[PDB]
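Single chain ahead, by itself, as structure tokens, in the form deposited in one PDB entry.
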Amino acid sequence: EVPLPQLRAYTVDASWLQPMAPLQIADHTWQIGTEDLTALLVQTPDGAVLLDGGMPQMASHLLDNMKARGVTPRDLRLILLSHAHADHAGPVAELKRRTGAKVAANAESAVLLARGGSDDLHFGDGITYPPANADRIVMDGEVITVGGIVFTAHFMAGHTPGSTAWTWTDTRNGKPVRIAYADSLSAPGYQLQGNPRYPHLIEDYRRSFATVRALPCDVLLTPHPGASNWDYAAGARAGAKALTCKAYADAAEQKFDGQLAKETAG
């Protein structure tokens, strides 16, 4: 007899799960995730902000790195997200349980997070993770100021409907540094043209390349560091090769155009 298949776990390259110590980006901003997944800690005189958590199993590691940075569970005030896929919002439910953190997200990201990434537009139920509730819904261009660090939301729908770039100005050498944490612009295996679950997908991606291109962007970071040419394992040279927002947007668009062409042929 042939039974139905076993459930399949969402497995990822080992590097995405490889713990790293905190890597400083600017005076208040640290990469505290893994070698190949971004989780940004921003430390304020009025508590901390986390942008992304990576995979579900990273919760304790993130907590460890926060502790090394001087941040206790009570000190974590806000979680922001690029997009609510398992490899970026994975540990959010657990972080909410174990810290003081509240989540702010747009409606699309909130709805996807609340269903734990199940019924994904492209990936079905294959990337389900523990669901969490958003505490605050943000609109496009809305600001959240935490201890004078002002975070601005820039919607960049495509990779998910709720995909968001987050921007803020930190310092280095008494000089302002405009950090752009731009979301993914990939469409891996997606049906792009005439997708019934996402009829305006192509229009949304096109608008998003333009949005990303135009961001205040002294330093670009991305959920997958490779997408912006960061190498978190490279120490003092980790960001040396980083793309500009312009170059990231252009590369993503050129890739997308190729994908569209391949789809038409397939």
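Only residues modelled in both forms are compared. Think of the rigid core as the biggest set of C-alphas that the two forms share within 1.5 Å after superposition. Start at 1 with the first residue shown and count on from there.
One more form of this protein exists, namely the form deposited in another entry; it is left out here, but the text below deals with it.
Rigid core superposed between this form and the one not shown, residues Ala242, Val12, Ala251, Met20 considered: the one with a C-alpha shift of 2 Å or more is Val12.
Compared with the form shown here, the C-alpha atoms of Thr11 and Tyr205 sit at least 3 Å farther apart in the other form. Comparing the conformations between this form and the one not shown, with the rigid core held fixed, yields only the displaced run 1-16, spanning 3+ consecutive residues whose C-alpha shift is 2 Å or more.
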